[PDB]
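Structure, as structure tokens:
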Amino acid sequence: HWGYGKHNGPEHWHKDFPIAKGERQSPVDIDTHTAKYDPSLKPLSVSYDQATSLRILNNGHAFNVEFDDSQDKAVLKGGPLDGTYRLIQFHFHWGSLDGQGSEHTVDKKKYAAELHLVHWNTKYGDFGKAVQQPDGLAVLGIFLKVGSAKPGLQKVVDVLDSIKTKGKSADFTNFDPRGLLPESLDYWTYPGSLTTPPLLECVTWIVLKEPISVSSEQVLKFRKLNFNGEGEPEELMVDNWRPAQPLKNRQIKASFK
Ligand SMILES: [Zn+2]
């Protein structure tokens with residue numbers, strides 16, 4: 001029964017998931033001045049041409065758009081990664097106000113929202129096996145600032161009215177995730193974990209330096225979703241983000257100067 005409230009929020013997670021106080025926990029504050037520029041980092045290979053979405057689902061914490069990951073259709077290569085990573089699903093973390101919502105911060109700067117494209121390493125067979133390996137997952141974090149509208153996001157926004165409550169799902173085919181990327185693929189990378197329970201420490205994080213712009217009307221329909229299920233008292237799905245965690249014995253690396 002974890003959530004983002006007062007009595008089950010991220011401050012209560014360690015009592016049911018003691019790994020929450022682990023070494024490689026996410027998110028963290030990306031200090032751009034201590035981030036070490038690594039010239040040995042290859043450019044990110046974002047191959048989303050043959051991406052095949054299936055369904056968008058409200059799971060009571062966010063909304064996931066699920067992709068067909070039984071083949072190499074939308075993969076992420078290069079960068080700090082060794083091998084191939086299949087795109088399985090993506091989700092957003094947003095806040096009740098435009099000055100908060102992102103899980104990662106850039107010099108303590110909180111963005112309005114953060115997009116998380118979750119991938120799993122193909123050399124482990126499926127997602128359930130990849131989460132149990134330190135190099136099993138790779139999430140492509142992308143910040144969202146409130147400005148001009150993002151066209152490629154409009155299909156996701158218009159379908160949120162059909163998945164208002166927890167447990168609701170709807171067909172979501174032929175969505176291109178390439179429309180959610182910024183112009184530049186400069187990134188920071190560091191070893192981390194899932195930012196939600198079970199908080200498994202298995203994620204290679206890739207956080208793009210450049211954010212994407214979305215309109216206030218686009219993010220205002222994120223905030224119309226509900227944590228609760230149908231027929232229950234309404235609790236708006238806002239502030240579904242985990243605050244930063246101690247970096248501890250970790251060095252964040254950059255692909256740019
Ligand atoms: Zn996430």
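We place every Cβ from the backbone using ideal geometry, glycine too, and count neighbours over all the protein chains shown. Just so you know, all these numbers are worked out from the coordinates, no wet-lab data involved.
Key figures for this structure:
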item	result
Flag if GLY99 is more than 13 Å from the ligand (Cβ to nearest atom) and either in a loop (DSSP other than H, G, I, E, B) or hydrophobic (A, V, I, L, M, F, W, C) (or both)	yes
Count of residues meeting criterion [among the hydrophobic types (A, V, I, L, M, F, W, C) and within 23 Å of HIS119 (Cβ to Cβ)] in region 204-229	7
Condition check for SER47: within 14 Å of the ligand (Cβ to nearest atom) and surrounded by 16 or more Cβ atoms within 10 Å (Cβ to Cβ)	no
Top-ranked residue in region 190-207 [being surrounded by fewer than 22 Cβ atoms within 10 Å (Cβ to Cβ) and among the aliphatic types (A, V, I, L, M); ranked as farthest from the ligand (Cβ to nearest atom)]	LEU200
Evaluation of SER70 against (1) away from the ligand (no atom under 16 Å from the Cβ); (2) on the phi > 0 side of the Ramachandran plot (one fails), failing number	(2)
Set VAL106, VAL159: member being over 17 Å from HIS91 (Cα atoms) and surrounded by fewer than 22 Cβ atoms within 10 Å (Cβ to Cβ)	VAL106
Any hit, region 121-135, residues being within 16 Å of the ligand (Cβ to nearest atom), polar (S, T, N, Q), in a loop (DSSP other than H, G, I, E, B) and under 25 Å from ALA244 (Cα atoms)	no
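The rows are residues; the columns are (1) of a type outside the set (S, T, N, Q); (2) part of a strand (DSSP E or B); (3) surrounded by 14 or more Cβ atoms within 10 Å (Cβ to Cβ).
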position	(1), (2), (3)
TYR4	yes, no, yes
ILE19	yes, no, yes
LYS42	yes, no, no
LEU57	yes, yes, yes
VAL65	yes, yes, yes
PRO80	yes, no, yes
